[PDB]
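Taking it in order: structure first as structure tokens, then the write-up.
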Amino acid sequence: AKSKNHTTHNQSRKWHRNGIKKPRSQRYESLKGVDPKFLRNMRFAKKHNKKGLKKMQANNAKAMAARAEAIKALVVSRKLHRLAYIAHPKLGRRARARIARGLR
Amino acid sequence: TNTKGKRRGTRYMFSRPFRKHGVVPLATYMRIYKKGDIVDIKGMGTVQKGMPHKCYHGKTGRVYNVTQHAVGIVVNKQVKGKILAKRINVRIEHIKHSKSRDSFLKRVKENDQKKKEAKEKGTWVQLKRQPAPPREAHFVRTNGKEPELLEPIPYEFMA
Amino acid sequence: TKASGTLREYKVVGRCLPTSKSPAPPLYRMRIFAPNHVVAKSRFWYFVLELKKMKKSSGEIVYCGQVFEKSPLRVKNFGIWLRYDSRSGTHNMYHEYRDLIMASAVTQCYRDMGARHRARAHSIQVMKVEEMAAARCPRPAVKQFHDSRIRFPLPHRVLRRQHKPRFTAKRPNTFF
Amino acid sequence: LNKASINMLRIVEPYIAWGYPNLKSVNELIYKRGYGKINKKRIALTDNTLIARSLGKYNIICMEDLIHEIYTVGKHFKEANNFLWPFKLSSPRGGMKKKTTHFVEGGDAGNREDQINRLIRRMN
RNA sequence: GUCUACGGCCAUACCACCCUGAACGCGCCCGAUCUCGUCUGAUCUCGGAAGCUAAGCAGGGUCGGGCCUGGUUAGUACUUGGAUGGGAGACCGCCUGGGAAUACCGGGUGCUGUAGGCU
RNA sequence: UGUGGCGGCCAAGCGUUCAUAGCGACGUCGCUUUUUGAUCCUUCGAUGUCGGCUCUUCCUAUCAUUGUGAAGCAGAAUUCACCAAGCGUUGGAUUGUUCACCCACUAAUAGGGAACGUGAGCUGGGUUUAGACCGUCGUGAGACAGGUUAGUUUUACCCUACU
RNA sequence: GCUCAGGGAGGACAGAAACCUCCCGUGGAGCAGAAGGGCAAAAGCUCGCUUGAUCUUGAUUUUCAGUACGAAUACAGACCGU
RNA sequence: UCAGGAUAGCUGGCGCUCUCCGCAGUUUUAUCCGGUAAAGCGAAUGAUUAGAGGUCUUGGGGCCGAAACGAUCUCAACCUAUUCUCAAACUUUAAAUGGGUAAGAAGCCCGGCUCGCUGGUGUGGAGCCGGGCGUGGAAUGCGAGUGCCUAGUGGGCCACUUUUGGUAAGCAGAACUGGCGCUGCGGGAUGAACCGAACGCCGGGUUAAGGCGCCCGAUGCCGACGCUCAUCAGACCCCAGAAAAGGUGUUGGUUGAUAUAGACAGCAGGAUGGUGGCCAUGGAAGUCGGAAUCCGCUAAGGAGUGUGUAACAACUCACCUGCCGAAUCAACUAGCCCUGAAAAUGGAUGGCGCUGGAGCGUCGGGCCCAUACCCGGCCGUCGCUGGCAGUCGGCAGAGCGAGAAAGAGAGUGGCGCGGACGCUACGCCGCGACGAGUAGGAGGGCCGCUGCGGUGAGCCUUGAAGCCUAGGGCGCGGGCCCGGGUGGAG
RNA sequence: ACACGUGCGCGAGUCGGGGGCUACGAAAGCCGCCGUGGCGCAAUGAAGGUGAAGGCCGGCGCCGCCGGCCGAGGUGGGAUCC
């Protein structure tokens, strides 16, 4: 007995039922498959960050003077206009009281 | 069943164009690929070392690794069900800077200049892109002339 | 198209949206005998795409108003030029009808082409519709009514409204 | 209508019968078949305190504001159109001409420019 | 106006023949002691500066060939979608969008980077 | 529907003359399921599978008979075509044969279908179990789309059909 | 360092075909093999020197389940060639 | 290994992390990618007909050579400009549909540190700190994300378009999307796949696709305009039986002729002579033929229509009329009808029947009905991580749906003895959308059977189980409860 | 026997299941100097084996260390909380 050899008939329908989910993209991708001369050097640069720590925070505290230096030195109808003003209930808390007294 | 194999159905794909054979221009090697810039892949026949598989010819990925002669691309390849973002090592003759990002970065810089200028004045600049809106009313002037009448031509058996 | 009911003559003028190369593109006019404006403007783009290299998206419809009959109480002769598709090749015809309106004569033409030649609305193109004098007509079916002292009876007046009794005593009369 | 929506309309062309509505039709549809999408629930717009409580931020505080923002395609058309639950119209009273084919070739599919208002009467 | 050295795009720069090339250049040119290499100082390497634009090179010319670039061909061929459309079929027509390619007819015939001269 | 059968269309030629009385090359359009393929849809907890005898009915693609048109129809004989299936279409030698071929007769000895009609109707010559013989092949058991001989043919009393 | 296939024309015996010399020559040749692609101061031909056809981790591509084998691509650490 | 498994895919269940910025079987704007359809051969590779103009690089042939030069008509070969026709395994050009990527804070623009990498050079690259910038940077739609365990399945078939092998197949094998399988419903008379449209239990309305002589709901409209007669009429997707060819049938058209300079016919009078010119020359007195084809004479004389035909004396064929009086002729084209058209039981536009259609083509108005669409009733599921512990009562004050984030706020200064229901919270209540289903999966059973621990101060000789029943009812159902009879101990 | 979900008890633990003690009951109760033991709290290597965090501040722009103070990372997103 012979049989059908191959098809891809119901497969488009099958793929889309649970939907085609794109790869889980993030910030901070892994450094696997990066040049291991470049990678070992990048690891030494990370290891030797605390050696130049005193200049980092000292420059940041001198540059934080540069903020305080300059931040203190820094310092359609006329009727529908009126009725949209009167009707809304913090701007027009006294215009309604004037209206309310104006029945007498 | 088809014959498997790496260059099967790459006859016109990895060919060089008509009167564009021979020596490879050197600017190709002098363009500077950073880690991140978005790059479109196109295999070349002239250079047989470090080709992309025909799966990738015409796909755009991003660079995650630059070694002496080649760059690492991350290209979204589709299988049956799922899409795989996958990491290939392709020589820089088979590689170009995509101009898809050179239209966005001009937008951002112009978009930001239009907020450096006109933030203090109160004049509000519309930044976002509108699709071509329905056309405005206007007066089609018949400058003296009465429009020519077009009446369909009678049939004549040509050849 | 589909020649539903009595057609109406439309004056559909159109032009290409001005680009940079020409800010003043020339206006073109057409006579469309069609059921309404929405089909008149589609049949305008059919004929305009075939004569000129002008399209719907590459142009605008400047004016599409119904052309009225200037004498719908006078009996006129209408000589119409055709272009229809047979089941082997395409043919040009000249066809005379006798009516008060042009749009009536064009509906009368579509019925006659449908009846005699089995030619439908999508097949038939109309290129020229001219009202004629009584002396400039070559067809005997329309000329025979060019008789100032015309006289004929209504011979065999078949009884209509047959189902009004449905059960009568008498046989119906035919001679009137 | 923009550039984006017309090229979306012409690829579902044989399944829709669309056109340019009248002020009357816009009044009839939003007064007779007006339901809001309040808490994702299809609730009938019997009062103005539904529209005001939902679309208060865009200054659409009544039914006449809603009908104005729809008809004269304003700023907050998106948030007023997406507020309106899609209109559950009746069958056409008098029947169709022909469902399957285009309006131009006798049928009742594709763009019916000013003639959509007649179909709105028979289904509303 | 223009060359030289190194170039980028790689015929609007290529090919055929003709004409003109001021001044520095570039050359042809002159030799074989040392360097160096051949059957042969022709080529290659070297040491020269009497001559010459004849050639290379440059600029230009030709109802030139090619190349580039428009028009036409033509809303033609094909094509997305639609119909209880036509037809015995083979294939067609319409609606809704997209739209080429020869022959044939015009126009053009290198742009330019750094560095250094000549006028 | 390739193939088998049967029929048109065109007119190069045949026919003393003369395309078409009767025929018809090179081409070309069909029809039929009385041929053989091609396929695997139905049946493998079974549809009894070759022929003949017997007996009914149907088809027409008409052999004969009836009525007719046309011939290269003088008569006689013969050939082509039309309406046309009412009635006929036989007796034998050889073969299991279907088919074939011959003798004789005759108005004529036309072609077909009905689960390649018809086995609880027969028959059992042929195929196609088990016994044996020969030839070719196999080392052998055995094989043969070779020849040969001998080899169990069951049941109706049910429903319908018909009498 | 050269330039191929083929052609034109000349040159003792020498002719269709031995050898020399000039001109045209975009690949019409060659690259071991089938076919496709690719290549001209080369990937071809001829010379000189050699052993990267050597030792060693991981990554990746192709078939793909996104597994093995086979084959391959870019790196890194050595020792070497030119 | 091919009647089976493992393996991804499709399926279900359990949840969990979040939300009162993320995604997408789509489009728009940018930006790459391609070598099919088409086209091309006076562009490469290959196949391919045709004359030209040149000529030897060629041969021949004969032409006046004693022998060779020239030579001369040259023919194929050759070169050059042209020409007709092609390609799944050719191509300069080259679409439509299509396939990637981008459309921001995972971002920008500033400083400052680290490096054993890289270097003329705080040069190049990467990593690290502290900063400041929201107008959230296309349209439209929508709550997303993530992890466990997992059953069935692994014979498929059909259709529009594309498409391979075969003459073709209700044949064999593919791509794309849609169906049947797993699915009823209205139409196609009938039918797994067509067309319309997908279904909880009902009433009203209205539609689709199809219909409306009678069967058979609805044209019993004073429907419109033509076409067609069939001794085989014709009559609706898939679809259920036809072609070439043809018609002085009939209805349109197209092109070109003759028309009062008087047509298709109707019937005459005539068809003459050099000439028994010609070609081989049995024969061309015109007569298997072939080729020359004019004139002397004119209304016709044509070397011509058939002739016994070698011709012949001789009948007969275009011609102008003798009689006679305006509109005809000729070739294509395409509608309907007709010929072409032959099978076996009796026979099928579904039947009857229909011809001022009940046929065919083009179109009005009205009407008929689906489980589809609208309004409403009832059931269920799902969603609202919905509402209620305020039944806050002579110690009471009964309010919290309302467009706009917040206190029905609190102190010190300037007579009558009253008030429904509620809340098995595992309950009760409110609003919105939904409901096909085989294999398969899960939940809920106040569905049922038989036995054990508890419990009903259960039932029962004033009659238990069991059984029968035109009795009374409940439940969507599984089932159940009462009445009457029989029966005799649970 | 295994895996995963789910309910309960105790929790760096947990469990007497084999043993012993003093009608229903062959049940239930108890042991702790009855936890032997099982599974868990440590991995990796074939193996012999080895076996899970540090900077700074002085003395000996550096010590193998003498010492001294403090000490289970960082970035981004993150229900609630302040």
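The way I read the labels, and the way they are meant: chains A, B, ... in the order of the structure tokens, residue 1 as the first residue of every chain, and ligand 1 as the first ligand shown, with later ones counted on from there.
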
For this session: At a cut-off of 8 Å, list the chain C residues touching chain E, using only C-alpha atoms (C1' of nucleotides), as a list in words.
Result: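 Applying the cut-off to the listed atoms yields residues 1, 49, 50, 52, 53, 54, 85, 87, 122 and 123 of chain C.
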
Set out as JSON lines a contact list for region 4-64 of chain C and region 114-136 of chain B with a cut-off of 12 Å, giving each residue of region 4-64 of chain C that qualifies its closest atom pair and distance in Å to one decimal, counting only C-alpha atoms, ordered by chain and rising residue number.
{"residue": "C:17", "atom": "CA", "partner": "B:135", "partner_atom": "CA", "distance": 10.2}
{"residue": "C:57", "atom": "CA", "partner": "B:135", "partner_atom": "CA", "distance": 11.7}
{"residue": "C:59", "atom": "CA", "partner": "B:135", "partner_atom": "CA", "distance": 11.4}
{"residue": "C:60", "atom": "CA", "partner": "B:135", "partner_atom": "CA", "distance": 9.8}

For this session: Name the residues of chain A that fall into helix (DSSP H, G or I) according to DSSP on the backbone, using the chain letters and numbers of this document, as a PyMOL selection string.
Result: chain A and resi 11-17+36-47+50-52+54-63+65-74+78-86+95-101

Would you mind listing, for every residue of chain A within 6 Å of chain B, the two atoms forming the shortest contact and the distance between them in Å to one decimal, using only C-alpha atoms, sorted by chain and ascending residue number, as a Markdown table?
| residue | atom | partner | partner_atom | distance |
| --- | --- | --- | --- | --- |
| A:15 | CA | B:81 | CA | 4.8 |
| A:20 | CA | B:82 | CA | 5.5 |
| A:22 | CA | B:83 | CA | 5.6 |
| A:34 | CA | B:65 | CA | 5.4 |

For this session: Kindly provide, as a VMD selection string, the residues of chain G having any atom no farther than 12 Å from an atom of chain A, counting only C-alpha atoms (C1' of nucleotides).
Result: chain G and resid 57 to 60 74 to 77

Expected file: the selected residues, C-alpha atoms (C1' of nucleotides), as a PDB file, in the first residue's frame:
ATOM      1  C1'   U G  57      40.024  25.166  25.038  1.00  0.00           C
ATOM      2  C1'   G G  58      35.214  27.204  24.390  1.00  0.00           C
ATOM      3  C1'   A G  59      31.388  29.989  20.698  1.00  0.00           C
ATOM      4  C1'   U G  60      28.715  29.574  16.193  1.00  0.00           C
ATOM      5  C1'   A G  74      34.572  33.607  12.888  1.00  0.00           C
ATOM      6  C1'   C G  75      37.770  34.056  17.477  1.00  0.00           C
ATOM      7  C1'   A G  76      41.448  33.170  21.520  1.00  0.00           C
ATOM      8  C1'   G G  77      46.362  30.678  23.601  1.00  0.00           C
TER       9        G G  77
END

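Between CA of residue 103 (chain C) and CA of residue 8 (chain C) lies a distance of 5.4 Å.
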
Problem set entry | Shell of 8 Å around residue 84 (chain D), only C-alpha atoms (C1' of nucleotides), local chain residues under 6 positions omitted, as a list in words |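 Answer for this query is residues 34, 35, 36 and 37 of chain D.
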
For this session: Could the residues of chain H within 6 Å of chain B, counting only C-alpha atoms (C1' of nucleotides), be given as a list in words, please?
Result: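 My answer is residues 31, 33, 100, 101, 102, 137 and 138 of chain H.
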